[PDB]
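The block underneath contains the structure these notes are about, expressed in structure tokens.
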Amino acid sequence: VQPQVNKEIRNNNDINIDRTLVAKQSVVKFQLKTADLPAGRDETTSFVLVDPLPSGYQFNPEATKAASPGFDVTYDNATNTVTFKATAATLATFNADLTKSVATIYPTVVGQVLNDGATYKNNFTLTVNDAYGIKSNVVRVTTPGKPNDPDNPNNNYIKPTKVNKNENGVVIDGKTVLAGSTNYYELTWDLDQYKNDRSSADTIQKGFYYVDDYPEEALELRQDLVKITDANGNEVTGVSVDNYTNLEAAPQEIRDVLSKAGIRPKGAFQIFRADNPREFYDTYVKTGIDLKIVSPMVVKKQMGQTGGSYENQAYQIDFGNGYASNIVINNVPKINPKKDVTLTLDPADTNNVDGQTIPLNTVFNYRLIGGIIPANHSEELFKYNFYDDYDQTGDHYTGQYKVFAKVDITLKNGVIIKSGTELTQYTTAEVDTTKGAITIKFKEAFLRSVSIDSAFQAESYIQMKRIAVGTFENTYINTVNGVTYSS
Ligand SMILES: OC[C@H]1O[C@H](O)[C@H](O)[C@@H](O)[C@@H]1O
Ligand SMILES: OC[C@H]1O[C@H](O)[C@H](O)[C@@H](O)[C@@H]1O
Ligand SMILES: OC[C@H]1O[C@H](O)[C@H](O)[C@@H](O)[C@@H]1O
Ligand SMILES: OC[C@H]1O[C@H](O)[C@H](O)[C@@H](O)[C@@H]1O
Ligand SMILES: OC[C@H]1O[C@H](O)[C@H](O)[C@@H](O)[C@@H]1O
Ligand SMILES: [Ca+2]
Ligand SMILES: [Ca+2]
Ligand SMILES: [Ca+2]
Ligand SMILES: [Mg+2]
């Protein structure tokens, strides 16, 4: 039990990190120190230290040789073990005077920790004059991403999350979203597992970013509504945000970050940047305070013509490492208005006279079927109008009209308006005799009483009198919330 040995583990700035936390890809150093050799010691013929480096610890031959003057460094890549042998020069010093005790020099293993949520344990062995050895104490350090970490109570999985909500805070993931509506996306910068992190300066300078890969074909950003707040409800000011249509069209700096994180957007994307890496680090990262980003995005009007699916996903890049969030999907309903020409004013009757020549002075009806708003939608109905621009040369608006439910409508109070029910009393009409047009509008009140889980569809009949012999056409435009749909 002669020279006691002692291993120490420090980060790239020499801070003792034993039993603490450090970022993935962080440089971790091993100091294999030994106590001063006593007086009466035999000449030291051999001084060997053997370190079986831990799993997932990448050895850096170059740096350790540089950081281990006085020792010949050898490495067994096969067993990931490194060996240090005191040079001839170094030994002479251990023998300069045996009658006295002499302090020693120590080797330093330099390398990086490569895995998330892993524990890296370490000890080394000292053998002197191939006669006796001492196994050293074990030291350790963990990386973020490991729940139930007895050393870092706040540690857990690194996982950003994304969620879609409507204006009233209701979660609308997977639901149908009317064209023109807004997606109030809530992104979470998952920072809690970083609490009490002891990473070095180089590591903290690899920056902090948050990316949102948004469907640029279906949505357009409303970056003016972007809002960033932390877990404590306070506004965040150190984060700037920008967007690019595609990697190539982005600042070389951004391409490099996204590249080293293994993140490759599908086209255009929104990226958030921490302006002062250090300030951000001391304020939110090592304090474990999660950030909340709200990035509203509106569904382009053309989506309502074609219909279709659009999905959203985010990423967060901490200390240069990237992590992806869950994917949120929504689909847009294809609002398809239709008009028919009928002699009856009964929702029941399916007979029409489409394409049939109508006799002079015939009182008929234009059946204006509104677009269908599918069940399980995301926002309330605030506008549902039928607009008809008839040809005054051929048709004279009679002055009468009726409106009917085309599907079973459900109210927020549970009442089910059975399909085919007259609903005229919830509408109003403003006619422009001059130009030859008419507009039937539902009362906003009534529309907002319909449950958002309910399907909705109406149709109206506008009585017309044929004042001239001939074939005339008409434009019927159905308006649903903030978008108009023709035909
Ligand atoms: O676990 C041991 C291994 O850890 C890492 O995977 C390193 O890439 C490799 O060099 C080393 O041998
Ligand atoms: O790792 C070898 C030995 O190193 C130190 O002496 C520790 O105190 C002891 O508990 C351990 O068995
Ligand atoms: O360093 C904190 C440590 O406190 C106690 O010693 C626990 O036994 C150990 O599991 C924990 O990691
Ligand atoms: O290159 C090492 C690691 O760096 C970052 O963590 C990247 O996000 C990851 O994909 C990569 O494996
Ligand atoms: O290395 C990248 C990955 O690391 C972790 O598994 C994260 O939970 C995951 O979201 C991320 O994509
Ligand atoms: Ca976490
Ligand atoms: Ca995109
Ligand atoms: Ca007209
Ligand atoms: Mg600790």
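One-based numbering, in listed order, for ligands and for the atoms of each. Note that the numbering runs from 1 along the sequence shown for the chain. Atoms considered below: every heavy atom in the structure, side chains included; atoms not considered: hydrogens, waters and symmetry mates.
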Relative to the ring of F280, is the ring of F208 parallel (under 30°), tilted (30 to 60°) or perpendicular (over 60°)?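 Plane angle between 30° and 60°, so tilted.
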
Honestly, is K33 close enough over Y106, meaning NZ or CZ under 6.0 Å from the six-membered ring centre and within 45° of the axis?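 Judged by the rule, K33 and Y106 form a cation-pi pair.
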
Within a distance under 4.0 Å of any heavy atom of [X], pick out the atoms of ligand 4 and give their elements.
{"X": "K260", "result": "4 (O), 5 (C), 7 (C), 8 (O)"}
{"X": "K24", "result": "6 (O)"}
{"X": "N321", "result": "4 (O), 5 (C), 6 (O), 8 (O)"}
{"X": "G322", "result": "8 (O)"}

I'd like to check whether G320 has a polar contact with ligand 4, where a contact means an N/O of the residue lying under 3.5 Å from an N/O of the ligand.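 Not met; the criterion fails.
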
Closest heavy-atom contact between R198 and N11?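 Closest heavy-atom pair between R198 and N11: O-ND2, 2.8 Å.
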
Can you pull out the closest protein heavy atom to [atom]? Residue, atom name and distance to 0.1 Å, please.
{"atom": "atom 11 (C) of ligand 3", "value": "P150 O, 3.8 Å"}
{"atom": "atom 1 (O) of ligand 3", "value": "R19 NH1, 3.2 Å"}
{"atom": "atom 8 (O) of ligand 4", "value": "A261 O, 2.6 Å"}
{"atom": "atom 2 (C) of ligand 4", "value": "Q25 OE1, 3.1 Å"}
{"atom": "atom 9 (C) of ligand 3", "value": "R140 NH2, 4.5 Å"}
{"atom": "atom 12 (O) of ligand 3", "value": "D151 OD1, 2.7 Å"}

Atom name of the N, O or S atom in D192 that lies nearest to the Ca ion (ligand 6):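 Atom name returned: OD1.
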
Just checking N148: does its CG atom have more than 12 heavy atoms from other residues, nucleotides or ligands closer to it than 6.0 angstrom?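 Count not over threshold, so no.
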
Can you give me the OE1-the Ca ion (ligand 6)-OD2 angle for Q193 and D190, to 10°?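 Taking the Ca ion (ligand 6) as the apex, the two atoms subtend 90°.
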
